[PDB]
């Protein structure tokens, strides 16, 4: 039933493709949230050539080390408790630093080794980071800290890089460049969108997440293959039933789809209890034996119903592709009006993980 198939060859291709688009920049492969659904630890072991791995939280970084990953790991949101710092230091984790608590803990600690730090600037997203009017003094303190390995590096993040007509990205960049002028540290602002559409945003390090897995960061119906990146994940399953159904007959909860002809319906061992979106409407495409058929009626917790046709020869046990070869996850996102980020990431533990190539 519900299996996630992760293509190791597509992953390696994608990193090397992204090196070619930003060839003067180092790569933090962003692998937080179980590597956007593809598997934290297996994704990292597929990519030895990364210059670092990026995570959201310290626990993710420790999971990497527990599985034998020795590469530098960047804590994108820094650390949430002052007692974390000896572990961070001894693990050689690079840490973002974005608030007073973290900075004060760095100043007051006594650590066996200094830690590499990326100071986070709020250039416009207004999520994490030090606002421009607090930044020089916050920076100056970091440069004066024995527990911080000089130089201090500088990181920000784009809020609207997927909308080039906007002008938000160029403002974010001017705040960034203004602050960076005359400082020695490395600089990083671009994730998938910056790498693809803003070559003046590449600087020393870039940070691919979504494009590394061969899925587009943009909402214009582009797919990773538009950018020469190969889709990594297939979500697949099989039919468990093929049944007769009649004209005028509803299917599923609320009877939300009614058949206008006699037909055969298929039942897929996949639902929202696996991660598949309950917001997917009737007519959403699935592939059965490599041909597109439509979802009919509401998605259920463990089952989806599709219309196969009145004399279709599909059988229980036949392969189904929710997204993969012939059906990019961006096309599912468009039809369901869910971010492709969320579709690939918000899958449950019920799905089996399979690795190929």
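Residue numbers count along the first chain shown, from 1.
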Between 273-281 and 167-175, name whichever shows the higher mean Cα B factor according to the PDB entry. 167-175
Would 88-96 or 252-260 have the larger average of its C-alpha temperature factors, as given in the entry? 252-260
So among 18, 10, 24, 344, who wins on Cα B-factor in the entry? 24
Looking at 122, 112, 204, 77, which one carries the largest C-alpha B-factor according to the PDB entry? 112
How does the C-alpha B factor of residue 297 compare with the rest of the chain: lowest, middle or highest third? middle
Taking only the Cα B-factors deposited for this chain, tell me whether residue 135 sits in the lowest, middle or highest third. highest
Among the chain's modelled residues, which third holds the C-alpha B-factor of residue 151? highest
Once the chain's modelled residues are ordered by C-alpha B factor and cut into thirds, is residue 192 in the lowest, middle or highest one? lowest
Looking at the temperature factor on the CA atom of residue 82, which third of the chain's modelled residues does it land in? highest
